[PDB]
Amino acid sequence: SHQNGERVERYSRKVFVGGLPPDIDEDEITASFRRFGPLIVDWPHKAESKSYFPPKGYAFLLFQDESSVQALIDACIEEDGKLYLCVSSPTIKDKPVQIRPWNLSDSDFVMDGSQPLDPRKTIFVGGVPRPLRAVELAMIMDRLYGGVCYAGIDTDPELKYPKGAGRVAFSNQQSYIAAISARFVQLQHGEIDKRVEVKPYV
């Protein structure tokens, strides 16, 4: 049978996992995923002090091609908050595995073309986690100090993946004056509530 033959490589091939069985090695997870082919993996624990593999289902991994990022993520279930794989089969059952890829091209939250990125109009925004997108950053500043032209989070040029804080670029009105002088505020959003930082760029 056939229905589609297109491919996409505009997703970040690094995927976090946590649903792995209580006993796992790199060949168990290589058999857990499909279409990913051969891949590279890293564990939160792998020292000779106990074992070459972690005592928990937590893992970080990536594979050789970026086209299977969309093919495998499409062969599984998703949520607006996270992804899930239906690989329940080995020593773990009835519970899908946690999945989190990244969007190496959505890391840019453009809002208006009247002002591109510039060192005299850039602003810094600190306190964002890595697993989140600039969603929480651009939306809070647009709900109380709106007028933004560009927004995003700090990333590694190595794989275009988050590494810490974030930034925005607008200088349109006193709304930017109100957020650049409001270097601490309250949001009650996600695992964060207060004292997030907002200051001029350097």
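Quick look at the values:
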item	result
From phi via Karplus (6.51, -1.76, 1.60), per-residue ³J(HN,Hα) for region 48-63 in Hz, x at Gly/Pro	5, 6, 8, 6, 7, 9, x, x, 10, x, 6, 7, 10, 7, 8, 10
Derived scalar couplings ³J(HN,Hα) [region 115-123; Karplus, 6.51 cos²θ - 1.76 cosθ + 1.60; whole Hz; x for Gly, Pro]	8, x, 5, 7, x, 9, 10, 7, 9
Dipole magnitude of region 94-154 about its Cα centre (Cβ charges: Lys, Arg +1; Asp, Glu -1), debye to nearest 20	140
Alpha-carbon centroids, region 75-90 and region 96-157: separation in whole Å	26
Semi-axes of the equivalent ellipsoid for region 1-51, Cα gyration tensor, largest first, Å	29, 13, 9
Calculated FRET efficiency for the pair residue 74/residue 52, C-beta based, R₀ 35 Å, to 0.05	0.60
Check: the chain dipole with +1 on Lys, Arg Cβ and -1 on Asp, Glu Cβ, in debye	620
On Cα atoms only, tilt of 135-144 relative to the major axis of the chain in degrees	20
Region 67-121 - charge dipole about Cα centre, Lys and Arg +1 at Cβ, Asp and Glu -1, debye rounded to 20	280
Computed helical MRE - 222 nm, the chain, DSSP H runs ≥ 4 contributing -39500 (n - 2.57), nearest 500	-4000 deg cm²/dmol
Residue 43 long-range amide H proximity, modeled H, under 5 Å	none
Taking region 39-97 and dividing mean pair separation by its residue count, relative contact order in percent (alpha carbons under 8 Å, at least six apart)	22
Whole-Hz couplings from phi, Karplus 6.51/-1.76/1.60, listed for region 148-154; x for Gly and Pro	5, 10, 8, 8, x, 10, 5
Pairs from 14/163; 160/194; 56/93; 121/199; 46/160; 56/95 whose Cα-Cα separation, in the structure shown, is over 18 Å	160/194; 46/160
Equivalent-ellipsoid semi-axes of the chain, from the Cα gyration tensor, Å, largest first	38, 20, 15
Amide H contacts of residue 110 (H built 1.01 Å from N, under 5 Å, at least 5 apart or other chain)	151
Amide proton proximity set for residue 155, modelled H, under 5 Å, gap of 5+	163
Partners for residue 50 among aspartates and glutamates (Cα-Cα distance below 15 Å; same-chain residues under 8 apart left out)	23, 25
Prolate/oblate/rounded call for region 105-202, Cα gyration tensor, a/c under 1.5 rounded	oblate
The chain, relative contact order [Cα under 8 Å, separation at least 6], %	19
Per DSSP, loop GluC sites (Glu not before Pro) in region 2-78 with at most 14 further Cβ within 10 Å	6, 9, 48
Sequence ranges 189-199, 111-121, ranked by mean other-Cβ count within 10 angstrom, highest first	189-199, 111-121
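Readers should treat all values here as calculations from the given coordinates under stated rules, not as data from a laboratory. Positions of Cβ are backbone-derived with ideal geometry, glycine not excepted, and every protein chain shown enters the neighbour counts.
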